[PDB]
Amino acid sequence: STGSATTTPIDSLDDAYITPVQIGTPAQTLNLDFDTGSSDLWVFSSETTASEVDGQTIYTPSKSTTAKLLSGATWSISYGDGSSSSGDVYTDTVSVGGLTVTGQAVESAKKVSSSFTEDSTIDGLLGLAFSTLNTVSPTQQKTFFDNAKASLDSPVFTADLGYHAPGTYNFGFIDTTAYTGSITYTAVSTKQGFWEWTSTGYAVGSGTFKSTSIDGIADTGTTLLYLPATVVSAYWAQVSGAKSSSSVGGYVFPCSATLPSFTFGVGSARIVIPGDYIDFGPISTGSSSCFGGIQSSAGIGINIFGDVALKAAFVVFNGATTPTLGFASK
């Protein structure tokens, strides 16, 4: 089997991407944030504290003939941005782009943090990291990808995120028309539960490439590109007036600037992030200070190849017995 679904930016900045997902019988379609940096499929629901729901579409398990309470199971998760959610668990039929999993754990939110409430466009998350990170207790549950894997034509999914435009998540096949040149594959460590890999270096603009190992995760659920402070300083030094602002919470730059590109290495291959991808717009409405899309990972504990980086590439998440990651230009 295979599946193919379009993923759409939630706003004009590409702050996140939503993908429609069919849950239950008859189908209830919710728009979920596909997150290769976590491993829970959770949804706003009829169980979510009413004051914490503001415009989201909810899953109502009592209206699904295939929903079953997973008795005794609870979940609770915190994300890198400080957001969180928790609740109980159902199993139900879940389909993405024509690919169907029966018995998928659908984690029903009883509580969500304010950032989730305030984002009316995201109805929940669909985790695509390794199932070892799944938070369901006392019986850990599998991700949608893990449940689908054996049925897939090939044990892979791909992320093809658009810049200010829709893109595609495919399951079970590699669309050879969706990228240019060849796909370069690189080793993955699953020891922390993430799609963790080692970039071979970087360049800023038309500058020379610096060969240096950068361990990080491929995380579709993080907006920005978080890299070591040395790398980030070297990038922003090429933008007149750019500075790190403690009050704002990172690097800002004059909105009048033209940003240089940023290149990252994948083995001997190179992925170029155009400068425009690094512009996250005014820090507040009407400001002439703009927020940067490359920020320091200092204090995170790991580097994060978030959407800013991934959307410059066609990315293969290869879930074979020994997982790997592939990157192609597009």
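Residues numbered from 1 in each chain as written, not as in the entry; some residues may be left out. Heavy atoms only, no water. Residues with missing side-chain atoms left out of burial classes, pairs and counts.

**Comments concerning the sheet that holds strand β21 (residues 294-296)**
Read across the sheet, 7 strands follow the order β18-β17-β12-β13-β22-β14-β21 without closing on themselves; strand pairing throughout is mixed. A strand with exactly one partner marks an edge of an open sheet, and here the two such strands are β18 (269-273) and β21. Along the sheet, successive strands turn relative to each other by an average axial angle of 45°, direction set aside. The pairing of strand β12 (residues 196-204) with strand β13 (residues 210-218) spans 6 bridges and is antiparallel. (Pairing = 2+ DSSP bridges. Helix = DSSP H or I, 4+ residues; strand = E, 2+ residues; numbered from the N terminus. Axes fitted to C-alpha atoms, helices over the stretch in contact; angles between N-to-C directions.)

**Section: the pairing of strand β10 (residues 167-171)**
Where burial is concerned, most of β10 is hidden: 4 out of the 5 residues are buried. By the bridge criterion, 5 bridges tie strand β1 (residues 3-9) to β10 in an arrangement that is antiparallel. Residue pairing for β10: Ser 4 is matched across the bridge by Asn 170. Of the strand pairs in this sheet, strand β9 (residues 156-160) and β10 are connected by 4 bridges, and their pairing is antiparallel. Looking across to β10, one finds that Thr 158 is bridged to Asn 170. What sits between β9 and β10 in their antiparallel hairpin is a turn of 6 residues, with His 164 showing a positive phi close to 50°. (Buried < 20%, exposed > 50% of the residue type's maximum accessible area, 1.4 Å probe, protein only.)

**A few points about the domain arrangement of the protein**
Interface size is commonly expressed as the accessible area that is lost once the parts come together. Here the protein is described as being made up of domain 1 (5-174) and domain 2 (175-330). Computed from C-alpha atoms alone, the centre-to-centre distance between domain 1 and domain 2 is 25 Å. In this assembly, 30 residues from domain 1 lie in contact with 33 residues from domain 2. Tallied by class, the residues present in the side of domain 1 that touches domain 2 amount to 18 nonpolar, 6 polar and 6 charged. (Domains from an automatic or database assignment. Contact = heavy atoms within 4.5 Å. Nonpolar A, V, L, I, M, F, W, Y, C, P; charged D, E, K, R; others polar.)

**Re the sheet that holds strand β16 (residues 250-254)**
Within the open sheet, the 4 strands sit side by side as β15-β16-β20-β19. Their pairing is antiparallel. Looking at which strands have only one partner, the edges of the open sheet turn out to be β15 (243-245) and β19 (279-282). Across the sheet, the mean angle from the axis of one strand to that of its neighbour is 40°, orientation sign disregarded. The sheet contact formed by β15 and β16 spans 3 bridges and is antiparallel. Pairing of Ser 245 across the sheet is with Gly 250, part of β16.

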